[PDB]
Amino acid sequence: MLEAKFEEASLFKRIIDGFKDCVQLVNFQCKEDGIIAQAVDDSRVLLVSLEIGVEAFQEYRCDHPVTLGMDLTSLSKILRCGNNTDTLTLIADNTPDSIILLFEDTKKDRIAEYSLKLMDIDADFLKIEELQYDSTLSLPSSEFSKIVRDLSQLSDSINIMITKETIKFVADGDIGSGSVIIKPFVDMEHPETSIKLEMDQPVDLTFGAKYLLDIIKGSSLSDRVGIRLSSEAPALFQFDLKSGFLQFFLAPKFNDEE
Amino acid sequence: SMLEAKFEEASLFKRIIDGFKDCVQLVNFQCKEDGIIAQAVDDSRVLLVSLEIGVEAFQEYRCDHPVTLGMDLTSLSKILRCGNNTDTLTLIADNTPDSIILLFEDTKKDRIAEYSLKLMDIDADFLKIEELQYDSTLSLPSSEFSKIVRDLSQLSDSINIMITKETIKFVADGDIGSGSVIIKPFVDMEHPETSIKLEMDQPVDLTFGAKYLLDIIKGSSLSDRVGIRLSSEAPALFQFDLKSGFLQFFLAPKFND
Amino acid sequence: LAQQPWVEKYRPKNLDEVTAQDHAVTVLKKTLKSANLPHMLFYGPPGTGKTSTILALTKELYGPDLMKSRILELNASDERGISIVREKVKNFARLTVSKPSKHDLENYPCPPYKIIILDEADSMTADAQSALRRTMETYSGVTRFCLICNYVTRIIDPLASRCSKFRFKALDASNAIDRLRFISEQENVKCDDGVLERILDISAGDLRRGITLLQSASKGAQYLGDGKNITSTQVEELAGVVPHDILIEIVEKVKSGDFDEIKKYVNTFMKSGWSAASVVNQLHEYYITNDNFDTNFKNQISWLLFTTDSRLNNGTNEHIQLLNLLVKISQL
Amino acid sequence: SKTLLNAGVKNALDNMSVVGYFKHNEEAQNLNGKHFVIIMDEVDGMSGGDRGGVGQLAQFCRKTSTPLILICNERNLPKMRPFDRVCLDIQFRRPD
Amino acid sequence: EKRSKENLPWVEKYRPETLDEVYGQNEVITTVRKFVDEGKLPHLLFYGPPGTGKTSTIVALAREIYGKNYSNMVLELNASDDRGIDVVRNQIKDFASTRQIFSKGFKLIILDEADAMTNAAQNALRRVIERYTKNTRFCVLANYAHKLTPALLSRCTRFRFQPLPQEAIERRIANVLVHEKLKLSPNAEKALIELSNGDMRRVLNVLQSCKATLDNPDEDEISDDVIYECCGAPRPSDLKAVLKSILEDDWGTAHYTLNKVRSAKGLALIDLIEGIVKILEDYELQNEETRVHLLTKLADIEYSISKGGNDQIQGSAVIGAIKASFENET
Amino acid sequence: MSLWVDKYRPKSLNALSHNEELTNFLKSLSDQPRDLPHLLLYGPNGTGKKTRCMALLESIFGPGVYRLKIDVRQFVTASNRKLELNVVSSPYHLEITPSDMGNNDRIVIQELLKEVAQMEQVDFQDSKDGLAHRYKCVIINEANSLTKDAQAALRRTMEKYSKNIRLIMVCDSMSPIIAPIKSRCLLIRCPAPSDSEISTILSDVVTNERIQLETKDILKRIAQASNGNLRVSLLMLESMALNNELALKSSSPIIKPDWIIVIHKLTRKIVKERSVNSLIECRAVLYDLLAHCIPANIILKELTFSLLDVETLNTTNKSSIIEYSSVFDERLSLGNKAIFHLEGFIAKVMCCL
DNA sequence: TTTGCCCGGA
DNA sequence: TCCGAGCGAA
DNA sequence: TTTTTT
Ligand SMILES: Nc1ncnc2c1ncn2[C@@H]1O[C@H](COP(=O)(O)OP(=O)(O)OP(O)(O)=S)[C@@H](O)[C@H]1O
Ligand SMILES: Nc1ncnc2c1ncn2[C@@H]1O[C@H](COP(=O)(O)OP(=O)(O)OP(O)(O)=S)[C@@H](O)[C@H]1O
Ligand SMILES: Nc1nc2c(ncn2[C@@H]2O[C@H](COP(=O)(O)OP(=O)(O)O)[C@@H](O)[C@H]2O)c(=O)[nH]1
Ligand SMILES: [Mg+2]
Ligand SMILES: [Mg+2]
């Protein structure tokens, strides 16, 4: 009924590892358009959203939409059991109690079959409406991740501030404070390393360091990361894919002082 | 600012700090117009480290008035790690400061990383501890001293240095046995860096704790030759020469039981 | 405004808003000029103004901008073992004081030290307290400590010796009615004469409880939507006070002295959920101020009530303790 | 410990002794000279420096092809329970 | 330190700098000063209650022995430092067995608040103390001898610091008054000495609070009224009024009197109990049973107060305890 | 769920059916809930305290408060030991029983609760901007079981973060609640229903379940045997119906739970035989009760009030028994090994008889 | 004169 | 699937 | 996780 063959299993393994620490049980709503998933974390400070597109898969077809509830730990274990060079295929029937994973290698000699039991997860419906954010920024993921790793060593909270041609990451702690200031920069020879900034209103927000540490694990998916910030919304972290994206909506810390 | 000192590359300062990090915890830097001196004393008060960095180690240097910066070495090393070995590192301080600014800036991009480390109220004099006329002064390559120390430390917790006319003797006596290395002065005009130099007025015989010497030899990464100055009544001086200044260890000898 | 419970909404903002602790607030206010604040030990019963006082003092000393860099607050919600005291607290006490800005120096006294607030210090182990002793003395030049507690005997003698003691007095109708009336007027609460003083009598020295009771009564009145005054009977109902008729029934059962009758009445009484401590308090008031009982009876009952109150303070079964007390009174 | 026991004495449970061989090589018809008697003295003294030791010794008491003698002072201790059904218990009492 | 010494709390601003500024411990000071003079310094133990001058004395001794640069010539450790077995075997043993870095001479190790060390560390210290005596001397300081091992106690020369007697406190107060330009009435000085229980820290803290409580400290005089105000303590007259009412009046009047006296200045119940116990100790009683009942019941009430409880019930308990105990007097 | 005590539990303040004045007070609190103080509900067991807490939350946040799920949260002790806590949650509130972790309950307060207090939450079902515009609610069950350290850890969290969090604590007695915590709470007394209210509730159940009932007096008997415990009365009604083929009769007897029967047997034994051998047999009975999850305090209470009901004892015996019960109830509070104190109580009682 | 549950590993 | 280590932790 | 001896 439903079958989805990836060009390479490494892509799927990386996507799964991206958000497996934030959430463990999740429903994938496979549709003719593609796979769309949305999960809330246990503490409800984080929403993860996935919109893998049809173009991402090497081949894909699912006539009737089907929801597959699965635990990410077992899927990660099965993917680890698989080889680096493989064309992972997910197979499911009209009313599947399990999903079949086929690791078809380039050489026909190597063929592997696995079965993963599905689950019945009571997942509600979430309406994520687009919002006019106060600021948008885009920058390489290695840089952002290095900033987060360095600043988390100084404090439990990291403050992101955006003002006119200035992006500021700050962390204050017992031994002192650390700050990184980036400016909008464009490199024609190497566009992938450019820093882009759209600024409508000044923004300042604070986030738990552990959450940003969890989020930066998605850097592998996309060489660039987009961050959208508003005074009243959660902060949106987007890693683009070939046709989909991995999305993190993070609530900020409660501002006790103000 | 009042104090601005720019290292071309942060790696220089990181290696200098790593040269004595393991022996002490709290360090007091005094910055003056002629450069930066620093002192620290180990927890047991048996070892003292004295660092000197001249203005030539810096691409640019400016210190309008003398200033004292006390800090914990673990926090400083943690911060130094957060910056890249290639970036330019500027130490900045203001008059009567509550913190020291470490500014990592790379010219390739417009990325500035500014760290501020809160300073301690460490009020302690340096005393410029250095006896005028040491009994014996010797110098030898750092690798050989490291090897002798490492070999003899496997045998005993204490190492004795005996200097007599034209002979330097290291000795260690322990549970499984004893070891004794004897070296003699020698000048090799083909390879002066391998030379062993010995000048001496009074013969000397002093015992030292092995763990302290094992810490001291970590300075070998900063210099190819080590100088050793010994006297009957003074701490032993182990000096490693830098391109601009120096790193000194003053180690007190064991009491003659 | 409309989002704060009244206890937090009306927390004193400055030292002049603390109402009945002048004997200590005066000393503290003098240090805005003398700038030689000693190590402090605030102690006293619940809801008397200790935390409010230390917070207001720090604000007055450093201004809103410089406060954060000059304060280390650690309370019972934080980990405060001996390792914490030996590393985090010691390290903060060692530091140079944050530099004040020019504006800060113009508008605030800015003394040359920082403050470590150990709120609820009576929950710290004796060994961690011991570890504080020499840190307090060696770094007095740049750091001052403020320990806050309800039970002063839980602080080890060396630390109590090092600290300057400030006892916070119980707040009653005599010395807190002005503040309670101010709050009542700000919130437009209509009350009969006697009601605010009755609130403070019920609160038994705790102004936080009195304010919360006033807020509950005003919520009731607003919900009723009739514009009438809050009465004392309503306040007593909100405060879990036993109605005088029920107490008289208890007293008559005790007078009769029949064990089975007392037992059955107590069993029925417990079903109403009356707090045993309030019942014992009301019985104490009834008997000790009764001209119909003689000296020997009152001596014996005073000891009985003391014993039962002590046993209840340990978390015991209220039914058992109350029945035992009533039987013992009946056999006097 | 279990590791040391498995790497050491275990190999002698079913092995001839070279010392025994060369001691009585000249002696004719010495059947026992080449075999081991394994003595594990002071079993009750095996503390945390011998993790897993007592269980492994009980295993050996079941799976040994050469005679094994264990010695302890406190037989009734709980840690000596594993030996219960696999050893020939010989009590020594205070002599008169 | 920061700015002047005038920014310090009086308990630290008036810390003795030399042995001549330590008061009320004359026998100890004489003995130790002549130990230093003759070059015979044994291993010392300073034992005593809080705020009697132990740390002050040992630091003054170090200053005298080594001069102004003493701090880099001694090893000072206290309860704020880790002093486990590993520290004893490495840091302490290394310092004891090694020459001075800065200036030649013998080593001094000061174990302040030694009652905070574990048994194992103290036992490790025994042969360190004995083996390196030729070049090193230890000084141990404690408030509680029972946490010190018998072996450690055997090796030290013991000196007991007494609660400071009246004359020493009076002289120190005179010095403070001169330096602060303060005036103190005789009754106020008596009240201060009485409430300090021979702890100089209490004297200095109370005096600083009293100065802060004056309107004009240049002209205003610290009277006993000021002391009681800042300490929130009962006047002796209040204590006597309460006790008289309890011993001579009916229950209604005694309850009324206790409540009214307490309400007058917001007095705490435990302070009244302490004061009345001090008063009753001087009573001559016919029956030992009166003393027994008084002491046991009042101790029970004090213990219950330490855990909180109902204040009104506890006050009535005090009244009843005293009345019932004196019934035995017949 | 299927059992009648659960099938007919009310889900709103309008569906509550006893103690009308308390219902009015709760409605008054829910009228303007933005400045709601922290709450502490107290009263006898099984009267409807949690039912009312849930009804209040429904009145504030809507029916969504009843859409519950359970999740396991991990913690580590200083000794590095792993611990798990089951947390019940709706989109609007959390429910925890920190006493589940025993003496480590303090950790739950210092890490989990604090975290909830310091964070904002996302919400993509009620908020137009993805953030929840409301304080977070935490129910703490069995609050009188918290250790003193955990209660202390609550104090400043309740004040500092009052903007973002409100606490509802539920307990059957306030005696073990430390004074600072009670000072911080609005105390709500929850009395037991009268016997008429219980009879009305039971009659409604009898009608909705088509149970044959010879006379209404039966319900009254049940109501009287439950001693105001409404949960007990509903469960007893169900059990009696099940044992009488869904047809209650005037002769149908009241069913007592197994542990109660054992305790009554122990009472008869203590009264009949006062001796060391009897005390040893009593120890056996006590171990049996404790091993099967009958708490020591429950055993002491039940035994004391069973003894005081014995018809053959005189006033002197009964006064001695209640004194000993008071003393050893305090002992149980202050100690660890319950059997020690229970045995001491039984020994003193045997001596007094 | 030694219990009950039941580890980590096979 | 079987076995009991080590700790008392309801 | 370990207080004292004569
Ligand atoms: N002296 C006071 N003046 C004005 N308000 C007071 C006073 N004391 C208590 N309150 C009020 O009650 C609330 C609590 O005051 P706190 O200072 O926090 O009491 P506390 O002495 O710290 O109580 P504990 O020891 O933590 S139980 C304040 O926010 C005020 O609203
Ligand atoms: N004999 C004394 N003479 C003068 N001042 C004293 C004396 N004793 C205590 N003080 C004063 O009280 C302060 C504390 O004195 P310390 O010598 O540190 O007390 P201590 O005996 O070490 O108390 P412990 O045992 O650490 S609680 C000093 O700084 C002095 O101001
Ligand atoms: N019909 C009705 N049943 C109630 C009411 N209050 C409580 N109950 C029932 O009694 C049961 C016990 O109530 P519960 O809140 O769990 O008791 P508590 O939390 O221990 O005080 C519930 O499961 C309900 O079925 C009420 O007001 N009306
Ligand atoms: Mg407080
Ligand atoms: Mg001292």
Side-chain angles (χ1 to χ4, degrees), chain C residues 81-82 125-127 315, chain D residues 1-3 5-6 10 43-44 46-63 72-87 89 91 93, chain E residues 84-85 115 117-124 126 144-154, chain F residues 75-86 97-108 142 144-147 149-150 176 259 280 283-301 331-343:
Chain C
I82 190 158
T125 66
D127 64 89
Chain D
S1 70
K2 200 229 213 316
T3 304
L5 283 175
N6 288 321
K10 179 176 217 135
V43 170
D44 40 338
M46 293 173 67
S47 85
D50 313 310
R51 175 168 51 262
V54 174
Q56 194 58 88
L57 281 187
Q59 306 321 324
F60 290 162
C61 296
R62 326 185 209 221
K63 323 285 181 193
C72 71
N73 294 114
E74 274 125 17
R75 184 69 182 77
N76 73 8
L77 269 196
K79 59 182 286 233
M80 299 290 102
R81 278 183 304 188
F83 298 113
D84 267 293
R85 292 127 193 200
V86 308
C87 283
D89 256 9
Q91 195 180 126
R93 315 140 198 82
Chain E
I85 175 66
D115 26 29
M117 291 176 52
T118 60
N119 261 289
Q122 289 184 53
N123 284 324
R126 293 155 58 145
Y144 314 115
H146 80 102
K147 320 151 160 233
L148 296 180
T149 63
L152 190 56
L153 284 159
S154 186
Chain F
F75 317 86
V76 200
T77 80
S79 55
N80 206 3
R81 168 151 151 272
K82 268 148 170 282
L83 303 168
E84 317 198 1
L85 188 71
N86 296 296
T97 303
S99 70
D100 287 357
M101 286 187 22
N103 265 358
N104 285 310
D105 58 2
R106 195 232 298 265
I107 300 159
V108 176
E142 302 322 75
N144 57 354
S145 266
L146 298 170
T147 70
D149 274 13
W259 57 277
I280 293 153
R283 171 192 284 180
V285 175
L286 294 175
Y287 268 134
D288 184 42
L289 285 165
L290 290 160
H292 291 69
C293 297
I294 311 301
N297 69 314
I298 294 300
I299 291 161
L300 174 65
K301 180 128 166 199
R331 300 280 184 85
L332 275 177
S333 153
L334 298 173
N336 274 117
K337 296 187 173 78
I339 187 63
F340 289 22
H341 314 291
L342 294 170
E343 190 174 285

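Every chain is numbered from 1, with letters handed out A, B, ... down the list of sequences. Basis for what follows: all heavy atoms, side chains included, without hydrogens, waters or symmetry-related copies.
- Note on F:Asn103: nothing from the nucleic acid sits closer than 4.0 angstrom, heavy atoms only.
- Comparing atom distances between the D:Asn76 side chain and each of G:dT2, I:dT3, H:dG6 picks out G:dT2 as nearest.
- No more than 12 heavy atoms of other residues, nucleotides or ligands sit less than 6.0 Å from atom CZ of D:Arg51.
- For the pair D:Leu77 CG and H:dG6 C1', the computed distance is 14 Å after rounding to whole Å.
- Checked by atom type, the side-chain pair F:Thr77/F:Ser79 shows a donor-acceptor distance below 3.5 Å.
- Rounded to whole Å, the distance from CD1 on F:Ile339 to P on G:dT3 is 19 Å.
- Counting only heavy atoms from C-beta on, E:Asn119 has its side chain closest to I:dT3 among I:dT3, H:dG4, H:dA5.
- Comparing G:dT2, H:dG4, H:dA5 against the side chain of D:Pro78 picks out G:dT2 as the nearest.
- Picking from H:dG4, G:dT3, I:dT5 the nucleotide with the shortest atom distance to the side chain of D:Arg81 gives G:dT3.
- In this structure, the CG atom of F:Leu83 is 15 Å from the P atom of H:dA9, given to the nearest Å.
- Atom CG in E:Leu153 sits roughly 12 Å away from atom P in I:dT4 (whole-Å rounding).
- With both ends at atom P, the span from H:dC7 to I:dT2 equals 15 Å, rounded to whole Å.
- Summarising the geometry, the separation between CZ on D:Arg51 and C1' on G:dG9 is reported as 14 Å, rounded to the nearest angstrom.
- F:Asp149 and F:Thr147 share no side-chain donor-acceptor pair at under 3.5 Å.
- Whole-Å rounding puts the F:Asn297 CG to H:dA10 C1' distance at 12 Å.
- Paired with F:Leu289 under the rule side-chain contact (heavy atoms from CB on, under 4.5 Å), one option of F:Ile298, F:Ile294, F:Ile339 passes, and it is F:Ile294.
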